[PDB]
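This document opens with one chain alone, in structure tokens, the form deposited in one PDB entry.
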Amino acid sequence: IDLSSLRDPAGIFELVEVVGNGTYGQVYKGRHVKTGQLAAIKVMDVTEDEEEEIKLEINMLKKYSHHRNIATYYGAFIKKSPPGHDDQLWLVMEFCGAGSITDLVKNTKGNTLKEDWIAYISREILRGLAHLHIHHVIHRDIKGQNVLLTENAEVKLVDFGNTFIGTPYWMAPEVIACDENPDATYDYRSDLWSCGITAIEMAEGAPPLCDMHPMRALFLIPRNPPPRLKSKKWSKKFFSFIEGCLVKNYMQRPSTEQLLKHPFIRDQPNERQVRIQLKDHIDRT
């Protein structure tokens, strides 16, 4: 519970290459020197003022990241610099080598996923969310990019809640301020909307207003009726789940616990086979 104990990462971790493209920023594929073991290393410049806002970031990952549907925290390191600034802070976590769900859709023929795959991943997203929510934590950024796979087909979450506004596509209507929603408040239920959009992403290859300029999409999310699956091919349980996820008014939107009982998530006989199916796609590196 102090930045002084934090070792120099020197003979402990090596930075191999920047992970993904630059999707996550300064997140690197790291190597544990001694074991050769892989870790994901998040690098950040740290000032004398950033010292207390960062002590919590570490404690968040320490407390909450010890669930199977959350990428495990390993440790923290400071790469010191001369008295004329600026120290680097390395947040070492589990390296989910199979990439993200975005990678999965892009790597899958025709950029669509099998319905039973959506059911599997969505259950694991919800199961991870249930953990954050039960600990009074809102993820704030549920999307394909932020849902990763291990080489063991385990579904794991990243990026739970500085100057910029990011991508609008997965934002629940309530988090976007307009005339009747002036103080736009994040609810636990916002992560459920985002989850529903992630399921559309998994189904169609991209989220509902991907073709719009981000500013135009930001404007449309609170005005447009709930997004719907384009195809009619989908099962009744799937449209139903998307519907439940995408209740426009958060006040009637179901809890993460209620969703976990939805027939699409609850009823999964191919669960074991799907995990094997996903493992083989991963094996095709």
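The numbering used is simple: start at 1 and walk along the sequence shown. For clarity, a rigid core is taken as the largest C-alpha set superposing within 1.5 Å between two forms.
Among other deposited entries of this protein with both flanking residues present, none omit coordinates for residue 13; it is modelled throughout, well short of a third. Among the other PDB entries of this protein that were compared and that flank it with modelled residues, residue 23 is left unmodelled in a third or more. A chain break between residue 82 and residue 83 is not present, all residues of the deposited sequence in that interval being modelled. Of the two stretches examined, 53-61 and 217-225, the record assigns the greater average C-alpha temperature factor to 53-61.
Just going by the entry, 122-130 versus 82-90 on mean CA temperature factor gives the higher value to 82-90. Highest CA B-factor among 103, 141, 179, 174, as stated in the entry: 179.
Which of 253, 29, 66, 237 has the largest Cα B-factor in the deposited entry comes down to 66. Compared with the other modelled residues of the chain, the Cα B-factor recorded for residue 18 ranks in the middle third. Placement of the Cα temperature factor of residue 204 within the chain: lowest third of the modelled residues, per the deposited record.
When the CA B factors of the chain's modelled residues are split into thirds, the value for residue 25 lands in the middle one.
In the deposited entry, the Cα temperature factor of residue 35 places it in the lowest third of its chain's modelled residues.
Residue 98 sits in the middle third of its chain by CA B factor, as recorded in the PDB entry.
One more form of this protein should be noted, the form deposited in another entry, which is absent from this view; the next part is about it.
A 2 Å or larger CA shift between the shown form and the other one, after fitting on the rigid core, occurs at just one of 132, 98, 78, 175, namely 78. For residue 264, a C-alpha deviation below 2 angstroms is recorded between the shown form and the other one after rigid-core alignment. Once the rigid core is used as the reference frame, the Cα position of residue 28 differs between the shown form and the other one by 2 Å or more. With a cut-off of 2 Å and the rigid core superposed, residue 89 has a Cα displacement that reaches or exceeds the cut-off between the shown form and the other one.
In the other form, the Cα atoms of residue 146 and residue 56 sit 3 Å or more farther from each other than they do here. Panel note: the distance between the CA atoms of residue 17 and residue 205 is smaller in the other form than in this form, the difference being 3 Å or more.
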